[PDB]
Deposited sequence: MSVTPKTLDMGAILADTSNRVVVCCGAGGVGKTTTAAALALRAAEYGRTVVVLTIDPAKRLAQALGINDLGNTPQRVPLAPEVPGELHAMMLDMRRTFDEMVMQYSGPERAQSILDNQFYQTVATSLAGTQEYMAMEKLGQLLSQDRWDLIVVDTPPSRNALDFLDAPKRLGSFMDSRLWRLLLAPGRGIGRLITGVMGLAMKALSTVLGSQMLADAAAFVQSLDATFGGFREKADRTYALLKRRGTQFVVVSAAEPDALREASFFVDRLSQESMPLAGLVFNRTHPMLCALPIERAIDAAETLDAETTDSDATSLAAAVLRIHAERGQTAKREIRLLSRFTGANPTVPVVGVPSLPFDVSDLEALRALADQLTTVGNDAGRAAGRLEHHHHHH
């Protein structure tokens, strides 16, 4: 194997952006939070851009609000650094982007359009695109020496890297102006849409295209995506013990390799290290003998053999990933016996990641 050393990465202030990538549901958000907290405890001025924090986690951080903007997290006075946090508001980041490029006056029209409000702001990939936008804003205001980026959940970890350019290309389709705001073919398509779709809706849509007055969206997605290639960017891929999460991690590491983008390593989350050395087979047999003859001793034996089997599966999964990627550093994080919903649990998690 290899040992990922998140501690040295976090402590080194030439690393300005840390992106937590992986499937959804593998521990990205809590991992991002543990990393941002530990970086503050190392003395850095950190902001964590969380996407979907658990209600309780967001409260431990004081960001259970609707703001679309970072707030200081109160930590113990001894702490040399500063932890600030926010939760991406997809719709509000869309509003800010629209105003930034159309201006506040035109923005009142765009923001009032019911097609913008009900369709445009919930298209596929809006969440990745606005995460990248918000990241752009954070970089430009130079309000922090460290930005830790949670990334939105998806069954597909590469969505973070691919959905934004994809959505941009959709927004720049010729079909917007031609079909909503003549030719034999385009005239056919236009007729079809007019005959199938509601008049109110087509009016709102053509209004939206007119007002926005944008290849604008793809160009934005490209510029913002290049930020991920500035010196000082680190990706951390997080995966659970499961085969699916690991496979998404592998896909993602592959893409990072092809693009020569810095991969810090893999966080292999939710493991079950053995605390007792009793072999599995022994464990089973011993319990079966007791089964033939105080239930408690047999049950403890079955707990332990079950855990042992799970550990075997985990070890062989990681061995697969390490075989395919012998160059990728790893840190294994055991499943902790409590929920990660308070600054104290964040501290125990960060202890697991940093060592």
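Stretches of the deposited sequence lacking C-alpha coordinates, numbered from 1: 1-4, 186-193, 227-228, 308-313, 376-394.
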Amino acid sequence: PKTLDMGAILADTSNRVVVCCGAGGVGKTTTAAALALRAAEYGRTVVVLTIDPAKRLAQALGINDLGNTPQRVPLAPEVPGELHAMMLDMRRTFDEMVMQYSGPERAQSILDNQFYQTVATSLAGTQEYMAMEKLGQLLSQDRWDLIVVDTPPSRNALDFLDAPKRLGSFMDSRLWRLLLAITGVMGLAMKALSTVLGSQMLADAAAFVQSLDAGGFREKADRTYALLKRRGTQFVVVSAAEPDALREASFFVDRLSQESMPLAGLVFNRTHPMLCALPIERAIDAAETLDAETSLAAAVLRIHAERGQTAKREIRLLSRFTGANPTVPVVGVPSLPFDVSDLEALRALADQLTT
From here on, numbers count along this sequence of modelled residues.
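According to the PDB record, 304-312 carries the higher mean C-alpha B-factor of the two stretches 28-36 and 304-312.
Between the stretches 112-120 and 140-148, it is 112-120 that shows the larger average CA temperature factor. Between the residues 281, 219, 96, 82, the entry's highest C-alpha temperature factor is the one at 281. Within the listed group 227, 87, 192, 132, the record reports its top CA B-factor for 192. Among all modelled residues in its chain, residue 264 ranks in the lowest third by Cα B-factor. Ranked by C-alpha B-factor against the other modelled residues of its chain, residue 273 falls in the highest third. Annotation for residue 128: C-alpha temperature factor in the lowest third relative to the rest of the modelled chain, per the entry. Ranked by C-alpha B-factor against the other modelled residues of its chain, residue 74 falls in the middle third. In the deposited entry, the Cα temperature factor of residue 235 sits in the bottom third of values across the chain's modelled residues.
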